[PDB]
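Written below as structure tokens is the structure these notes are about.
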Amino acid sequence: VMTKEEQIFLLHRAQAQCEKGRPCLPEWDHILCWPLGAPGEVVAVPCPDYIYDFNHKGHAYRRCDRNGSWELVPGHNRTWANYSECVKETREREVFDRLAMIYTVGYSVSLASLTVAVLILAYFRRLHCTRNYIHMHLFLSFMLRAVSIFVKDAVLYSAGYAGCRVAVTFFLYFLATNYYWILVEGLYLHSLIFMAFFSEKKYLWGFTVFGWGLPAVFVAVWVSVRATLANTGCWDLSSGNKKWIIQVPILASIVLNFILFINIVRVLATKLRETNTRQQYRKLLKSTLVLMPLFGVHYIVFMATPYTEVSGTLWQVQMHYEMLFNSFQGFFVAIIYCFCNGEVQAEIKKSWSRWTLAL
Amino acid sequence: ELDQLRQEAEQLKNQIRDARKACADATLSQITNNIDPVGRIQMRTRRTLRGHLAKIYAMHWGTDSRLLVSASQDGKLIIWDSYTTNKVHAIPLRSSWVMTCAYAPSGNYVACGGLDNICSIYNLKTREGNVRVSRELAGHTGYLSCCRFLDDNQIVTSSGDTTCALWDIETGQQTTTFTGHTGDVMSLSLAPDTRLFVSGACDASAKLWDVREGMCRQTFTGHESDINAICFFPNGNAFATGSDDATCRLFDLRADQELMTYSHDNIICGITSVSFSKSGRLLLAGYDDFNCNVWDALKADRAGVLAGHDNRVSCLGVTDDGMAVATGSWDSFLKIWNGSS
Amino acid sequence: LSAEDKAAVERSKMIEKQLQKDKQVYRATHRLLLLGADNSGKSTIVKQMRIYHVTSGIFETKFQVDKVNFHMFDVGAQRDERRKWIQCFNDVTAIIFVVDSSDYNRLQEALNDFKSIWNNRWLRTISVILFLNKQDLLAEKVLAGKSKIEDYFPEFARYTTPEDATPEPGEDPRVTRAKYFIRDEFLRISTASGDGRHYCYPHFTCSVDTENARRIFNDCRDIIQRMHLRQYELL
Amino acid sequence: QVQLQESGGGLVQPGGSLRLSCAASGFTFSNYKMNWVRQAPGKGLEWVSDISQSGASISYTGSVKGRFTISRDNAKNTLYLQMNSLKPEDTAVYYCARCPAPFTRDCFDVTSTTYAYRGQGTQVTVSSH
Amino acid sequence: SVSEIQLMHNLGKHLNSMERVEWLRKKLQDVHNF
Amino acid sequence: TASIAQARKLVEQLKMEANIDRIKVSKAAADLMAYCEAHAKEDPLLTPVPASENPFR
Ligand SMILES: CC(C)CCC[C@@H](C)[C@H]1CC[C@H]2[C@@H]3CC=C4C[C@@H](O)CC[C@]4(C)[C@H]3CC[C@]12C
Ligand SMILES: CC(C)CCC[C@@H](C)[C@H]1CC[C@H]2[C@@H]3CC=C4C[C@@H](O)CC[C@]4(C)[C@H]3CC[C@]12C
Ligand SMILES: CC(C)CCC[C@@H](C)[C@H]1CC[C@H]2[C@@H]3CC=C4C[C@@H](O)CC[C@]4(C)[C@H]3CC[C@]12C
Ligand SMILES: CC(C)CCC[C@@H](C)[C@H]1CC[C@H]2[C@@H]3CC=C4C[C@@H](O)CC[C@]4(C)[C@H]3CC[C@]12C
Ligand SMILES: CCCCCCCCCCCCCCCC(=O)O
Ligand SMILES: CCCCCCCCCCCCCCCC(=O)O
Ligand SMILES: CCCCCCCCCCCCCCCC(=O)O
Numbered sequence: 031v032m033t034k035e036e037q038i039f040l041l042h043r044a045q046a047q048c049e050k105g106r107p108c109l110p111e112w113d114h115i116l117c118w119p120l121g122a123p124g125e126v127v128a129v130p131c132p133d134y135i136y137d138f139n140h141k142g143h144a145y146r147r148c149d150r151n152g153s154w155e156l157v158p159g160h161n162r163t164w165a166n167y168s169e170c171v172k177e178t179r180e181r182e183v184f185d186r187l188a189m190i191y192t193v194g195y196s197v198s199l200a201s202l203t204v205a206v207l208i209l210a211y212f213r214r215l216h217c218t219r220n221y222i223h224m225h226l227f228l229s230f231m232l233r234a235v236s237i238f239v240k241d242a243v244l245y246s276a277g278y279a280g281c282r283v284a285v286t287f288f289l290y291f292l293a294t295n296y297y298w299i300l301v302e303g304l305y306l307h308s309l310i311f312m313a314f315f316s317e318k319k320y321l322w323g324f325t326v327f328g329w330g331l332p333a334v335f336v337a338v339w340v341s342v343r344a345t346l347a348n349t350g351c352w353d354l355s356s357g358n359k360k361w362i363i364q365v366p367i368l369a370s371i372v373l374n375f376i377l378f379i380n381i382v383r384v385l386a387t388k389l390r391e392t393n399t400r401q402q403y404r405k406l407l408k409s410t411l412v413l414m415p416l417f418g419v420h421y422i423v424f425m426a427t428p429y430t431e432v433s434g435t436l437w438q439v440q441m442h443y444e445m446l447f448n449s450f451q452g453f454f455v456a457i458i459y460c461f462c463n464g465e466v467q468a469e470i471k472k473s474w475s476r477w478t479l480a481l
Numbered sequence: 003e004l005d006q007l008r009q010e011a012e013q014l015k016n017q018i019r020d021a022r023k024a025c026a027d028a029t030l031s032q033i034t035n036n037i038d039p040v041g042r043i044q045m046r047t048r049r050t051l052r053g054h055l056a057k058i059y060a061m062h063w064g065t066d067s068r069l070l071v072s073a074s075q076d077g078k079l080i081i082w083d084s085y086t087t088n089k090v091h092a093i094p095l096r097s098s099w100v101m102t103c104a105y106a107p108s109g110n111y112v113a114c115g116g117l118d119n120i121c122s123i124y125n126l127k128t129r130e131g132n133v134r135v136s137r138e139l140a141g142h143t144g145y146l147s148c149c150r151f152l153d154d155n156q157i158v159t160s161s162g163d164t165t166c167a168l169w170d171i172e173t174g175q176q177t178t179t180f181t182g183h184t185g186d187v188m189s190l191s192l193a194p195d196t197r198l199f200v201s202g203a204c205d206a207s208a209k210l211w212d213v214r215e216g217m218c219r220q221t222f223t224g225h226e227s228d229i230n231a232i233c234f235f236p237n238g239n240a241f242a243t244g245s246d247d248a249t250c251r252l253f254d255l256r257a258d259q260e261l262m263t264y265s266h267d268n269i270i271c272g273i274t275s276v277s278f279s280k281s282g283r284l285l286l287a288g289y290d291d292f293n294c295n296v297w298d299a300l301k302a303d304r305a306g307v308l309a310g311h312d313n314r315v316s317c318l319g320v321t322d323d324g325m326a327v328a329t330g331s332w333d334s335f336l337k338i339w340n341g342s343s
Numbered sequence: 005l006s007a008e009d010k011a012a013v014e015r016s017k018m019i020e021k022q023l024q025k026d027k028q029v030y031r032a033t034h035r036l037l038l039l040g041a042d043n044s045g046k047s048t049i050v051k052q053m054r055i056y057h058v204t205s206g207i208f209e210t211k212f213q214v215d216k217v218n219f220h221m222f223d224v225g226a227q228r229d230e231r232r233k234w235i236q237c238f239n240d241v242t243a244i245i246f247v248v249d250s251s252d253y264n265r266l267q268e269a270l271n272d273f274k275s276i277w278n279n280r281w282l283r284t285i286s287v288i289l290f291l292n293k294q295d296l297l298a299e300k301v302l303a304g305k306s307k308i309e310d311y312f313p314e315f316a317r318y319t320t321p322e323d324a325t326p327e328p329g330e331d332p333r334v335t336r337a338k339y340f341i342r343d344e345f346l347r348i349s350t351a352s353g354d355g356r357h358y359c360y361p362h363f364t365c366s367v368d369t370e371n372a373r374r375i376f377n378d379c380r381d382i383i384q385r386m387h388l389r390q391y392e393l394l
Numbered sequence: 001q002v003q004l005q006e007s008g009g010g011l012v013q014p015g016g017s018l019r020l021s022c023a024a025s026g027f028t029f030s031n032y033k034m035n036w037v038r039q040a041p042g043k044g045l046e047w048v049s050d051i052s053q054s055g056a057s058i059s060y061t062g063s064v065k066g067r068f069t070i071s072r073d074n075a076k077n078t079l080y081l082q083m084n085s086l087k088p089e090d091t092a093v094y095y096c097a098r099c100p101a102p103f104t105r106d107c108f109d110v111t112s113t114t115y116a117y118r119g120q121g122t123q124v125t126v127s128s129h
Numbered sequence: 001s002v003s004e005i006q007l008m009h010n011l012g013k014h015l016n017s018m019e020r021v022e023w024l025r026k027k028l029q030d031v032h033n034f
Numbered sequence: 006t007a008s009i010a011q012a013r014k015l016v017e018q019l020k021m022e023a024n025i026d027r028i029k030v031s032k033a034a035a036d037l038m039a040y041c042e043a044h045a046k047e048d049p050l051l052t053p054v055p056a057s058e059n060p061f062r
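Protein chains in written order, with the authors' numbering: chain R, 31 to 50, 105 to 172, 177 to 246, 276 to 393, 399 to 481; chain B, 3 to 343; chain A, 5 to 58, 204 to 253, 264 to 394; chain N, 1 to 129; chain P, 1 to 34; chain G, 6 to 62.
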């Protein structure tokens, strides 16, 4: 589609094109170089053809009446013209508002649960460990992603100002960091299971650097590309294929995390077979379901889905599925790894019992 | 022959039992009903010593009530500053399976030992401040369970071979050998005068030994299981012992029998360490339930509980001045407790 | 902060750096415990792993497998009573239990010892590696036929070889039957309790095969992986 | 003081029956596990049978499985071992041993050379005359 | 694809377009008379 | 075997413990009570010391 700004630069260019029984002197109705004028002229000029709207087919009927003098049937008016042949969205706005509501509720619930879990894990010192450190990092990344999405929704909705681009780049960076932390979780799990183990549990600094820097690295790369090549208005509008600079890394991370999840499931099944049945199948299903939200397996559904049109079943179902699952992932992970964890429950029980006995 | 010997032994045991029962005119719990109760005692953790990697097995306090040594099975013997928590020395041990440590009364030497059956003594006042093994004591056929310094040249040690020996650091050879136990000697406690000391073994029996003479004077068999801990009353006339029966028993040398028994139905876990306060009124005993209890030495009532450990409290020591109590656990952390008004 | 306090803090920081180095070196290493009666080939496996590398109280033997250092301790001089010093090994990586499979008359003693080590209060979370050592002697005794397990174990008359048995190609059905019967007798004691927090890894050993080190390495790797997995509540 | 006094023994024809007994004192007999041990002439101590605190779980060695019956009376604090169909190989001094600690499931060193909480045992000789 | 980077792009276009139409309605209402 | 030697040694030890001047529990308990009452004020644990003197702040 044309941008409104381009459609008025076009009209300015169109306006400038002709800047400078009776044959009349056109009319120039703030749109179109139509120099037609004649004693009894029926002027059936075609549609603008330079405007994105006003479909090109058909013709703007107007009339130099008799004598070549603009017809005017309505009293006390200046002229008359059948400039309606050319001229002859709520569902999109409704679905967008519904997506906004659902994913906002989801992100708010996730933020609440995640801040609660972060406070819990930070208070108890016994839980301080590399695993809990990465869990707190993931929770903080989710919370920052949610807050950045909120700020973006507040700044953009409800021309190249600084706040717009700042909010856009912050949201992009926080989303990238969240995805990279989701990937680092699976990377650390695979390390502890396979190739490593008998090694260390401390590549911790390296994992943190990979989770924080490289997101910022390619985010700054994309920002520089956008500011040097196009730099047109806010950065929320796609201009060319430069959008893939931040999306290709995210897709690579998602596929790598899915492969790591498959490998972990295979290792778990092999080990369950080793130590030994319907109970074995039930335990394997439970473990798989519990590990699913950690690796973000739901992203594998629409990973390779292209940019489908808005008025499409695939687009709508994808948007619903994503805005639901990606939003509730924070809540699910928070629950699983802070209320369903035996160590956290035991620590909370101990603290509550000691507080009650002291009081 | 053996039949007559066993008959004579049983007759002498019955005679000793009758003699002990004849003097049992009144129990401590009966006369102590007119003494004011101590009430609930609340203590908080003032210092949290961390840095150990393996389960802490033993510790000992210094005569100055400032420095303390903690022994862990990680192969390290660290000295901690109870006030500022700063570490003074980190002695690397040759044997990682250390089970006990001792701090010299003068603060010049420190001992340690364990499954290696060797008592390694390290000097803390070397010429260049480089701690090194001053003397290695060998000869015991069992794991070194406990040791306590009598002076800068003599040290008593207990081993799992059911025998204790009086060592000489200058020469490095046993001076006196104390025998009579049938089970593994867990720990011992020296009297304030260093002339007599008591020790417990894995036979539900505790014996009194003479350091100068080396002869057993009295034997107490009030417990039902192995005696793990033992502490001497500040005056040197009585002592309490901890056993796996979840019950502490106070024994008197003059009466030659038990005075009080400290146990609660809810407690069914074994006892790990015991200690007497400066006055002796408070009997602090560690338990395997991840916490420690403070028992009234005169009322036999739970005055308080020192909880907050992630594992069993393997050791417990009170300062010479009673300013605070140190309790170590297998969680690699050592907690120092002290009450406030 | 006074000068004395500053010097003390500097000494404490140096000690902390030394302790951090020691912590790295310790977490980089693993420990093991070797148990078994005198009739078992404990010293044999000790010498085997020593010469290859791949009074006293306690002996120590260090060997490396795939750049991983392992420490195995063997009781050389200690009293018969083991209820006390056994608690010291409540945090080891695994307990290597060697048994003389050819000693029928003493097999019950080994079974009782394994049951005691398994049902201990402090060894509830420590895995035990069961090595059915001296398989050649067991095979020779079974082929001879002079002594039969039916006398020492009457229930053996009804035991059948498991379906998942993988016997040595040149192995007689009787030898595999007897060895799997012993393995199942040990497992029934190992599997009678535990709730899955600690497992047993039985293996057939002869005290001369060089793969003992590889077997111990694999057992330690499996144990460490299962422990890491239990932290995530996946097992 | 903990003491165990075994009872029963003497000459008994092979294949007959013999009932042993042990008197417990100095401890709460109900809070400790009881195990039977014997020492055959020329051999070391060997485990015979065990009985739980309440007697729910009972086990016997393969040599005496189905031949001996172990039972305890928490009220009387006495342990019994009903032995029937004795064999000449059963000749051994039967010793009664107690678990070192209460409320536990493992009898570590009940069959030790110098156990502390065990009785003197009684002579049991299965010989045909 | 990234569903959140996409939703942002899709909304950008709806909104701009609307401005392209609302502006179109204005020039229509303007050209109705003038 | 040293069984006879051990039996004879135990008999000798019993006689040493039998011939001793034992004291009634009434007096032994009274001494401990008097000791606990005398040094009660000198026990920082039994009686909390003000924070100004307590070194463990
Ligand atoms: C039940 C929980 C634990 C799991 C499922 C997530 C919940 C929160 C989801 C499932 C269905 C969702 C609703 C589906 C449709 C709409 C209509 C929209 O115009 C406003 C949001 C609203 C009302 C959603 C709110 C969130 C919702 C209730
Ligand atoms: C996704 C990452 C992690 C792996 C693949 C390499 C990345 C960096 C590659 C793959 C495709 C690439 C993009 C393809 C095309 C364009 C359009 C051009 O006008 C600006 C650069 C830009 C936007 C590229 C930037 C770098 C890019 C995103
Ligand atoms: C893409 C979405 C919708 C579906 C994916 C389902 C996943 C969870 C499925 C697909 C393939 C499955 C694996 C296939 C084979 C095995 C080997 C077996 O010994 C243990 C289970 C295990 C390891 C399965 C675990 C679950 C698994 C990974
Ligand atoms: C798994 C790792 C190794 C590789 C992942 C491959 C990624 C980069 C692939 C998989 C699906 C692909 C997308 C599939 C379809 C389209 C629509 C097209 O109009 C633009 C490119 C675009 C948007 C592709 C970009 C690259 C893409 C995201
Ligand atoms: C680092 C922690 C800070 C947490 C940041 C989240 C605080 C909520 C901010 C939400 C702003 C949303 C604005 C919506 C539009 C408006 O009401 O003006
Ligand atoms: C370093 C900590 C600071 C935390 C920063 C987050 C504080 C919230 C700022 C949100 C600003 C969003 C502006 C929305 C538009 C508006 O209302 O003007
Ligand atoms: C959350 C996972 C289970 C539910 C599946 C998510 C999508 C279900 C329905 C999506 C709406 C599809 C659009 C067509 C019309 C409609 O149903 O609203």
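The beta-carbon is built from N, C-alpha and C at its ideal position, and this holds for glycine as well.
At what residues does the beta strand (DSSP E) containing N:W47 begin and finish?
Here the beta strand (DSSP E) through N:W47 covers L45 to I51.
Nearest to G:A43 (by Cα), restricted to the options B:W63, B:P236 and B:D291
B:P236
At a cut-off of 7 Å, is R:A293 close to ligand 4 when judged by its beta-carbon and the heavy atoms of the ligand?
no
To be precise: take each residue of the stretch 317 to 333 of chain B, compare its Cβ to all Cβ atoms of chain G, and keep it if any distance is under 8 Å. Which residues remain?
Answer set for the stretch 317 to 333 of chain B: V320, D323, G324, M325, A326 and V327.
What ranges does the beta strand (DSSP E) occupy inside the stretch 220 to 294 of chain B, keeping only unbroken runs of at least 3 residues that lie completely in it?
When DSSP assignments are scanned along the stretch 220 to 294 of chain B, the uninterrupted stretches of beta strand (DSSP E) that are 3 or more residues long and fall wholly within it turn out to be 229 to 234, 240 to 245, 250 to 254, 259 to 264, 273 to 278 and 284 to 289.
Return the bridge partner residues of B:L79 from the DSSP annotation.
DSSP lists B:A73 and B:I93 as partners of B:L79.
Considering only their Cβ atoms, is the gap separating B:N230 from B:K57 smaller than 8 Å?
no
Taking DSSP's pairing of strands, which residues face B:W339 in a bridge?
Note: B:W339 is bridge-paired with B:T47 and B:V327 in the DSSP secondary-structure output.
Does A:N271 get closer than 8 Å to chain N when you measure Cβ to Cβ?
yes
Output yes if chain N places a C-beta closer than 8 Å to the C-beta of A:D229; else output no.
yes
Determine the contact status of R:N374 and R:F417, defining contact as a CB-CB distance below 8 Å.
yes
Near-chain R residues of the stretch 367 to 389 of chain A - C-beta to any C-beta below 9 Å
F376, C379, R380, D381, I383, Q384, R385, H387 and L388
Between the stretch 297 to 315 of chain B and the stretch 18 to 33 of chain G, do three or more beta carbon pairs fall short of 8 Å?
Using a Cβ-Cβ distance cut-off of 8 Å, the stretch 297 to 315 of chain B and the stretch 18 to 33 of chain G are not in contact, since fewer than three pairs of beta carbons, one from each stretch, lie closer than that value.
Suppose you measure from the CA of N:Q82 to the CA of B:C233; what does that come to, to the nearest Å?
45 Å
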